[PDB]
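The chain below stands alone, shown as structure tokens; this is the form deposited in one PDB entry.
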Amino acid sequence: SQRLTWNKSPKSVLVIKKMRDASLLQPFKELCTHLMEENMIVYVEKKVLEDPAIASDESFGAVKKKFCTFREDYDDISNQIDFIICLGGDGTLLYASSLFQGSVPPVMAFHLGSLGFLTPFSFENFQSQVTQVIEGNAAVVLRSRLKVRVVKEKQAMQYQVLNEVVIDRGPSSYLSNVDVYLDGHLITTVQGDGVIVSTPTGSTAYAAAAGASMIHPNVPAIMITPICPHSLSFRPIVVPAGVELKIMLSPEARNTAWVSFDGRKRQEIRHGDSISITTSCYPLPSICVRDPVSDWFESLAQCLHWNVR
């Protein structure tokens, strides 16, 4: 229930859209046509700036020539972007979260096909909504993110995920057998298809398919959900956000495991490797249409079919 307050009037907006999608080509230009008409800097990923349809078109004008390239080189500074506009499904928002590994500017996501969960706004009558979110204030949800450190026995890698982290099997057929520690204490041993460590944002994601309870994104917590546990008594856990999970292979594990962050960058976990999961200090602010509760329940009713008569 936090209103979007600007210390200074926003002037630079980063626009992110799913590539290799013709249906998104026409709206995107229009959005930029409005943003240039509003006298604002527009940042576009150079990957799609070179697309033949985007470049070789009559829509060049003063928009394409003024498409400032996004600072994809290293990280530059996140203060160069005031807020982010996403076109497409929740995958676009996940990609935007992956792009910004530090402080994330407020994100205003638009949906063109299904409503989804991370895309509350609708592209119809987008001019009024954009003007309201720029001049006036809008409700935002500070969706927490998971900070993950993978240690190979010692190479270290760091990621930040928004939906979940899935530790499962890969090409192997034997059910995975891993050990989960919480604050240095061996909380449990997961035997079966795998385990999911998710944020409340990811509660309605793939974690929901495994039987986890739907959690409002304003609840500070971390969900542990087993994918097809071997035991009947394994019930999903909800633990405080301040804890530090550590997932390892059991000392008697015959084979390896595979870890995926938001469905991408799937990498193998062997003996001596560890996955440390905490709550990140850089949550993603997602701009809501009316209010967090109403938007969340509307998405539950539409994206899922939660409690339909």
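We number the residues from 1 along the sequence you see. Residues that one form lacks are left out of the comparison. Whichever C-alpha set is largest while still superposing within 1.5 Å between the two forms counts as the rigid core.
The form deposited in another entry exists for this protein as well; it is not shown, and the discussion that follows is about that form.
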Of 188, 131, 172, 122, the one whose Cα moves 2 Å or more between this form and the one not shown after core superposition: 172
C-alpha of residue 263 off by 2 Å or more between this form and the one not shown on rigid core: no
Core-superposed C-alpha of residue 60 shifting 2 Å or more between this form and the one not shown: yes
After core alignment, residue runs (3 or more) whose Cα moves 2 Å or more between this form and the one not shown: 58 to 62, 171 to 173
